[PDB]
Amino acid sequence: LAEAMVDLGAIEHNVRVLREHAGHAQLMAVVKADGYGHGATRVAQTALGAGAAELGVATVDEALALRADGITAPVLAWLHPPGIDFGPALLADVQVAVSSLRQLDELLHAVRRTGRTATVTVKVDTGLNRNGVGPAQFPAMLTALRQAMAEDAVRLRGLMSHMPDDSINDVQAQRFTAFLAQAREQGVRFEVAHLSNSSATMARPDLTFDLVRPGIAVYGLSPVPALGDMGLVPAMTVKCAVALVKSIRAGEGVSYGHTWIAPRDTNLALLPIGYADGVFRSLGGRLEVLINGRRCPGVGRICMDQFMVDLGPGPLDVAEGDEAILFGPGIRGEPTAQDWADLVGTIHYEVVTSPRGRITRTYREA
């Protein structure tokens, strides 16, 4: 019907490029939100197979699904509900990042229930101000960790914070540096530090610490759009089969509300996916699809489960069953996720986490 084809060969490519940019630092591939819509387990397997060292996700739930799928590499999780029981994480060897004193108390309580040493990371706030430990709270946090470490309740794995040439990076980096120094000055030692997302990894190599945590560039989407594709290959191609071809006459309206009235006799193609499958309704009359090497603009509203495109009045070169490409890396001239983002007024992150319903996720091996 429709598919979101994920090319694990591009994933492999993207991780290799990130590894080169990260230089000496190891790579934590970020596979939260089911691999940014690309499949967390499959992308994790491929990224690890191409040399990433660790995996990063938001929730402990995300981490356990990777484990139930047989993933054995290190996994870190950093976004936790209040009151969470950290037990299952400790038992399944999931690393936990804490962003407050209460959360460390929650974690130490589970260490006591399970008898399982926690591999902890502290998430500090460097101007971000959503969550993370503040400079004011950091001394108390350090004192607790030192005591926890002394009895082997925790392993002090990491310090982390979250963000190109804007000064605001330099300051955040400095502030990050001060946290490392305070820790240093109070005799608390972390095995690694990391502050770099995809953008910082690729555009600000001077700010890379021991690890980098790229998400968006692993899927080959550009971490700084204005700069171009930065050598990455977008891994997702969303496409579907043409369900019908029909000619229509000038002056005829198409689809709900007849917001489009043909200015001339033309051929149309019905594509059988719509906004319930993740084709943003705001794309109506704005997107273009690629069919047999040609761009075809959407005409009329996007419906719940279908929309039409105009093939033009030229010699008909489309048949039922042919392939229409909605977005992809662009290599065949098809539109990109960035193109949709521009049309809709959003970011490619939201575009690749949109496909669903009848768009089936499929993979091309590397």
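Heads up: residue numbers just count along the shown sequence, starting at 1.
Coordinates are lacking for 4 to 9 deposited residues between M163 and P164.
Stretches compared: 215-223, 200-208. Higher mean C-alpha B-factor in the entry: 200-208. Averaged over CA atoms, B-factors in the entry run higher in 184-192 than in the other of 239-247 and 184-192. Among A68, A319, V43, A341, the highest C-alpha B-factor in the deposited entry belongs to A68. Per the PDB record, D152 has a higher Cα B-factor than any other of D277, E288, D152, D125. Per the PDB record, residue ranking by Cα B-factor puts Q306 in the lowest third of the chain. Remark: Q172 belongs to the highest third of its chain, ranked by C-alpha B-factor as recorded. The entry lists a Cα temperature factor for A33 that places it in the lowest third of the chain's modelled residues.
When the CA B factors of the chain's modelled residues are split into thirds, the value for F138 lands in the middle one. Among all modelled residues in its chain, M5 ranks in the middle third by Cα B-factor.
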